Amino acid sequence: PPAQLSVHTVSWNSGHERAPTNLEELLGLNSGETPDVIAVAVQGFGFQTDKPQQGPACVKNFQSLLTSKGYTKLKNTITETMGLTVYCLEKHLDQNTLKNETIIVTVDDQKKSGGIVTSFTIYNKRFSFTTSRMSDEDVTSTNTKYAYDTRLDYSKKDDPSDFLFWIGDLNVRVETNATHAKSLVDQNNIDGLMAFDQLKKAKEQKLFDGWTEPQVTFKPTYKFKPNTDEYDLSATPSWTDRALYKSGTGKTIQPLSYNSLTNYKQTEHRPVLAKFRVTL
């Protein structure tokens, strides 16, 4: 059983947009890396019903690229507003010990907000992947708009997972006006603008407790005029898709990279790719 493993995560608030064509870039495979685990999270509208009938393409295209690479799909879970998919190199799996499990948490009577958690064990180490979705107007267990619920947090289990990732649009925004935010973006003062981001506020309120975000060096990933690099300044530019990590058991999780994928411009938000190396 190996000393270390690699994990790629991508999330995208993709809205009504269909999965793209070039998936290699999306999953961070385009420079020949072969991560041990890949998780893909989306937030948007109408995945479950699938009225555009786009389900069949995703499967076809994702399964085509990933199977030839040695990946097994551990689980795809979709709701009306969220999607989470977890892949693992076939070579790591032992059916007797994997304990592959997913819960869905739902906070409203329309089941539009909440989250999804997918967990599995390899080499007697337990991974958990969460995505979540909250609306600004929602009444909530935290009485905030942030997409946290303690049920989705497997570091607050009696037996906390070894490696935990939370990916998606956490409904955390930049709390200042658009003029000032756009000035900071133009100056490339990413840390200056992050000073106004709400993740720290969420944490002062004991949400995402002990969860770390890798250092952010990219400009806000929202809100863009589609197919441009131009901010739509009807909203204050913000970091919407995020990746957070923790360990419940003192295991080292080292971010290698954390980047928006500005090549994917087809919508208002840009997908975010994180790569980690975890020590078992």
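In case it trips you up, residue 1 is the first one in the sequence shown, and so on.
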Given 149 to 157 and 192 to 200, the range whose Cα B-factors average higher in the PDB entry
149 to 157
Which is higher in the entry, the mean Cα B factor of 270 to 278 or that of 1 to 9?
1 to 9
Sort 67, 215, 221, 234 by C-alpha B-factor from the entry and give me just the highest.
67
For 254, 238, 247, 48, the deposited C-alpha B-factor is largest at 48
How does residue 180 rank on Cα B-factor within its chain, lowest, middle or highest third?
lowest
By the recorded C-alpha temperature factor, relative to the other modelled residues in its chain, which third is residue 107 in?
highest
For residue 96, does the deposited CA B-factor place it in the lowest, middle or highest third of the chain?
highest
Looking at the C-alpha B-factor of residue 120, is it in the lowest, middle or highest third of its chain?
middle
Consider only the C-alpha atoms of the modelled residues in this chain, order them by B-factor as the entry records it, and name the third containing residue 59: lowest, middle or highest.
highest
